[PDB]
Each structure stands twice: as C-alpha cells, then as structure tokens.
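In PDB author numbering, the protein residues as written are 1 to 517.
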Amino acid sequence: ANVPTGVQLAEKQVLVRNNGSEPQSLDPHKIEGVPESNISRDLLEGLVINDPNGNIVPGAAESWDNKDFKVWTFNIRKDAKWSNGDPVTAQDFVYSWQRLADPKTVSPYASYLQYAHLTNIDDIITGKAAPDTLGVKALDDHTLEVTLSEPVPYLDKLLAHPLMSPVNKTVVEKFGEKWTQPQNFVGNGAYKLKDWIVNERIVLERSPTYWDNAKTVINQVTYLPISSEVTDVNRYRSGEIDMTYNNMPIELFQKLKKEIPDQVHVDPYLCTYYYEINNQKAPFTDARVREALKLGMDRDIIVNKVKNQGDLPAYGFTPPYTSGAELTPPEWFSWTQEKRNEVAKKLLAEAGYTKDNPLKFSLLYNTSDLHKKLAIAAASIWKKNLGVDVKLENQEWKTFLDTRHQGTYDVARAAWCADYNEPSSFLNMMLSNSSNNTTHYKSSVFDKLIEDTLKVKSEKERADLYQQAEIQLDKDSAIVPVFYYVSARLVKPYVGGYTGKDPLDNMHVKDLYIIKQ
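Laid out in structure tokens, this is it:
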C-alpha cells in the first residue's frame with residue numbers, strides 16, 4: 001500500500017467487505033466468479049498483478065520479456081515465498097498451469113490457456129495429449145518460459161487473472177479437496193486464510209512471508225457472503241460493514257445518494273449485463289425467437305428508468321469503452337422501441353407463435369434483491385411488448401452457475417466481466433469450445449473471426465475483426481444485451497486506497513488502509 005504522506009493511519013487496521021455471496025471455492029482452478037476472484041487475489045499472486053488503477057505491475061515475477069510476443073520469459077522473484085516459507089518457483093507455475101489445463105481438474109477456466117494460446121492446449125483439454133506437453137517450462141527454478149502458438153501482445157494483461165495464480169503442489173496432492181481449508185491453505189499472496197464459516201464469513205490475515213509485506217497495511221480483512229444488497233447496505237449503514245459489494249439495491253440507491261453522497265462511488269466498469277439465452281435448448285435454437293427477445297427488451301426503460309444508476313444501454317457484448325474496441329451499434333439500435341416491437345412480434349409469428357399459443361419460458365437469476373427487481377421488470381417488458389409469458393426462478397450463486405453450465409435453463413440473467421482490458425477477454429467467452437461459454441452458442445463462423453485476430457499484422461485489422469465478431473453475434477442474436485456496467489458501491493470515509501480508476505475493479509486489500517478518525 002501507498003499511504004499518501006500526511007494522512008494518519010488508524011490504530012486498528014481491520015476491514016469488513018461484503019462479497020455478494022458464498023464463493024464456489026478458494027482453489028484458483030475451481031473458480032469463475034467475481035466473488036471468487038476477490039478473495040483469490042489476496043490469497044494468491046500470479047506472475048503479474050493489477051495496481052489500484054489497473055496498470056499491470058510485477059507480481060511473482062520481478063521482470064519479463066518476449067520475443068515476437070510468441071515466446072515469453074519471466075524472471076521469478078528471488079524472495080517470492082509461500083505462506084509456509086517454501087519458495088515460489090518456476091516449476092510451481094508449470095505445475096499449476098498444467099493442472100488448470102488437465103480435464104481431470106474440470107476447471108471452468110481451462111480455456112483461459114486457449115485464450116493465451118499456449119502450445120498443445122487444445123489436445124490437452126480434449127484429453128488427446130498429456131498436460132506435460134503444455135507450452136510452459138522452467139528453464140531453471142526461477143526462469144519461466146511460455147511458448148505460444150501465435151503472437152499474443154496482451155499476454156501480460158491476461159496473466160493477472162486469479163485462475164493463472166500458482167498452487168502449492170505438495171499441499172494440493174497432500175490434502176486433496178481439503179487443501180483450501182483454514183488449517184491446510186498455503187498461498188503466496190499478501191494475506192492468508194485465517195477462518196472460513198460457510199454462509200457466514202471468511203477471514204483473511206496479513207501474510208508475513210509476502211514479499212511486499214512491508215507495504216501491506218490492513219492486518220485483517222473479512223469477506224461476507226451477503227446476497228441481499230438491501231441487507232448489505234443496511235449492513236453498512238449500521239456500521240458492521242466497511243465496503244459493500246458493488247451491487248446497489250434499487251430500493252435504496254437514491255436515498256443513499258442523498259444521505260451519504262461522498263460514500264457512494266459509481267465508476268466505469270468493464271462488464272456487461274445481459275440475458276443469456278440457452279442456444280441449444282428448444283425454441284431458443286430458433287434464431288427468430290432469440291432475435292425477438294433481443295429486440296423486444298426495452299433498454300431505455302429497464303436501464304434508465306428501473307435501475308437508473310449510471311449504466312449504459314447495451315447494443316452488443318463487448319463494452320465499447322474497452323481498450324482497443326472500436327464498435328458502433330447495429331441498425332436496430334437506432335429504431336424506436338415501437339418499431340423493434342413490431343419486428344419482434346412478426347418474427348415470433350412466423351415462428352409459429354400467437355395469442356392462442358404464446359411463447360412461455362423461465363427466467364433464472366441468482367438470489368438477489370437487484371436481479372430480482374430487474375427480472376420482474378424484464379418479464380414485464382417482454383409480456384407487454386411481445387405477449388410472451390415468463391416464469392421467474394431463483395437459485396443460490398453456486399447452483400446458479402452450475403445450472404447454466406449444465407444448460408438446464410431457458411433464459412438466465414447474466415453478466416460477464418473482463419479478465420483483462422482487451423476485447424478478446426469478452427469475445428473469447430463466446431468461442432464454441434470455451435469452458436466459460438454458458439450461452440452454449442456454437443458458431444464456427446464466430447470462431448474463425450476470433451482466431452484470425454491473432455493472424456493480423458495490424459491492431460487496426462484486429463479492431464476490425466472484433467467488430468465483425470460482434471456483428472456475427474448480433475446476426476445470430478446469441479444473447480440479449482441489456483447494459484454496460486458502472487461499479488456502484490459504498491465505501492466508508494475512513495477506508496483509503498480505493499481509486500475507482502481500475503476499469504476491471506480488481507482491488508487488492510494490500511493496497512488499502514484505514515484513515516484515523
């Protein structure tokens with residue numbers, strides 16, 4: 001942390017942060033959500049990390065270089081250590097990435113290595129080749145060489161993702177599934193696992209072995225699993241919580257802005273809220289049905305009138321303010337909602353749907369005040385505009401995600417957040433074989449366009465290919481874009497270090513600090 005000279009630090013450096021929900025796990029290769037990533041970042045550190053403003057800086061690796069962006073060499077920090085005193089080595093990373101890729105691990109982020117384009121990853125994921133054939137090796141215990149199948153200029157940004165953090169082989173093989181337990185957990189981040197009570201809390205304490213410990217200020221941080229943004233806020237206002245999760249309840253937003261203006265932070269956030277259509281489940285396999293729901297949704301109402309928290313109506317998947325994105329909204333985005341509703345009903349009609357036989361389906365969302373109110377608004381808008389009937393259904397975060405991967409849903413509320421500030425971080429999730437693809441959209445046409453992005457010889461050609469990719473997504477109406485996020489959260493006045501300038505909002509508790517009174 002960087003305490004600005006002048007400000008006095010409180011005697012008790014303790015922090016309580018809400019984290020949306022009970023995490024899926026603390027193992028980096030078993031996670032996929034923001035709640036997960038939040039805790040993962042304090043406990044484990046990858047080759048490189050994001051600073052308070054989103055810039056990529058040295059993590060486990062002190063320096064690195066690349067040859068043609070195809071071969072990357074990282075010089076592992078000589079003082080990087082695990083919480084148990086063992087050295088963090090190049091082999092640790094070789095072991096970790098091989099585990100991530102291994103189908104036996106069933107990681108929701110196995111494809112991340114495909115996004116990175118490590119050599120032989122495709123055969124490993126399918127099970128045709130052994131994980132040890134992965135293009136990553138330790139030249140020596142402190143030199144890691146990464147070989148890609150093609151040049152990837154943004155590899156450095158990509159590597160900051162939790163999922164690319166190392167795990168301790170000894171510990172993992174020793175306790176297996178029980179390695180993330182408080183008594184067994186070993187990490188290399190700024191904090192270590194003190195305690196974990198399912199549905200109640202997770203406590204992290206300062207890790208003395210962390211190579212940058214001298215700058216760490218907060219000695220203990222507690223992550224709560226409160227999914228009710230209302231309870232969360234009211235459990236910020238009563239003083240029990242220092243930083244709310246970045247999901248504000250519609251019931252209390254305006255009141256909060258009026259009562260505690262300077263504590264309400266709303267900043268650009270690279271994430272997109274959309275309704276995910278199961279592309280392989282019947283009636284939604286029909287592009288006309290999908291397109292109708294896409295056109296029938298009224299973004300102006302749900303975004304600027306129901307939520308009204310600063311978000312931007314979305315016309316595609318990739319946020320246009322993503323670095324390197326050069327997008328423009330599709331034709332239909334320009335029409336009037338009346339016009340769009342006209343087209344949508346025509347499509348539903350020629351698709352065999354009528355007043356006598358309307359489209360009826362379920363809308364699934366993860367338990368939450370916010371998503372519930374948005375889902376009710378969405379069900380309402382589609383009914384009035386398309387005459388379809390939507391039955392709402394909610395599930396807890398962990399089950400919600402599982403359900404989506406299993407494809408046991410019709411329509412689900414969803415949100416994808418960038419892992420790195422580049423368009424492919426979004427578009428790659430739509431690739432037909434991506435372990436992250438919960439929409440089940442499979443298009444060889446879309447896959448080719450993204451694959452070509454790395455065969456380009458100019459960034460302009462790249463930006464152009466991403467646009468074509470977005471066009472292809474829209475053409476097939478794979479999803480129903482709703483809005484590009486703003487990160488809205490409450491931060492106590494005495495909590496310093498939060499800048500709100502990191503587009504990815506990849507905060508590290510090691511950069512925070514408690515101001516005196």
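All C-beta atoms, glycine included, are put in the ideal place defined by N, C-alpha and C.
CB of residue i within 8 Å of CB of residue j, strictly
i	j	result
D42	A160	no
residue 579	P52	Because the chain here runs from 1 to 517, residue 579 falls outside it and cannot be looked at.
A378	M248	no
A90	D122	no
residue 518	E32	The first residue shown for the chain is 1 and the last is 517, placing residue 518 beyond what the model contains.
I226	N18	yes
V266	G310	yes
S477	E291	yes
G324	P423	yes
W82	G187	yes
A101	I125	yes
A80	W196	no
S228	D369	yes
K398	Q24	yes
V146	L118	yes
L363	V411	yes
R201	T231	no
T180	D27	yes
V233	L252	yes
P503	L270	yes
Residue i, DSSP secondary structure in three states
i	result
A463	helix
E259	helix
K501	coil
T453	coil
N394	strand
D419	coil
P131	helix
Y315	coil
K281	coil
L26	coil
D511	helix
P87	strand
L159	coil
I301	helix
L427	helix
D242	coil
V495	strand
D389	strand
Same chain, Cβ closer than 7 Å to residue i, five either side skipped, listed in chain order
i	result
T285	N279
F333	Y315
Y273	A415, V482, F483 and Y485
Identified DSSP bridge partners for residue i
i	result
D267	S487
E145	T73 and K137
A414	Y274
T222	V16 and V203
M248	In DSSP, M248 forms no bridge with anything.
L113	In DSSP, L113 forms no bridge with anything.
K81	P87
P481	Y274
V106	Paired residue(s): none; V106 is not in a bridge.
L100	Per DSSP, none; premise fails for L100.
Close beta carbons around residue i, own chain, < 8 Å, minus the five adjacent residues each side
i	result
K194	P182, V203, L204, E205 and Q220
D300	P313 and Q337
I471	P330
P151	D68, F69, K70 and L454
Residues near residue i by beta carbon distance below 6 Å, same chain, minus five either side
i	result
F93	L144 and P166
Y365	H371, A375, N394 and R413
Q114	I121
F74	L47, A61, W64 and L144
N38	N19
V289	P283 and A351
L163	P28, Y109 and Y112
Residue range of the unbroken alpha helix (DSSP H) whose run includes residue i
i	result
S362	Not the alpha helix (DSSP H): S362 falls in the beta strand (DSSP E), residues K360 to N366.
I125	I121 to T126
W335	Run containing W335: none; DSSP gives neither H nor E here.
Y236	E229 to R237
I381	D369 to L386
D42	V34 to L43
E173	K169 to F175
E326	Taken as a continuous stretch (DSSP letters only), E326 belongs to no alpha helix (DSSP H), as it is neither H nor E.
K294	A287 to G296
Bounding residues of the beta strand (DSSP E) (the contiguous stretch that carries residue i)
i	result
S63	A61 to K67
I49	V48 to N50
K192	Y191 to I197
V217	Premise fails: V217 is in no beta strand (DSSP E) and is neither H nor E.
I56	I56 to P58
Cβ of residue i within 8 Å of any chain D Cβ
i	result
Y353	Structure shown: chain D not included; a single protein chain is present.
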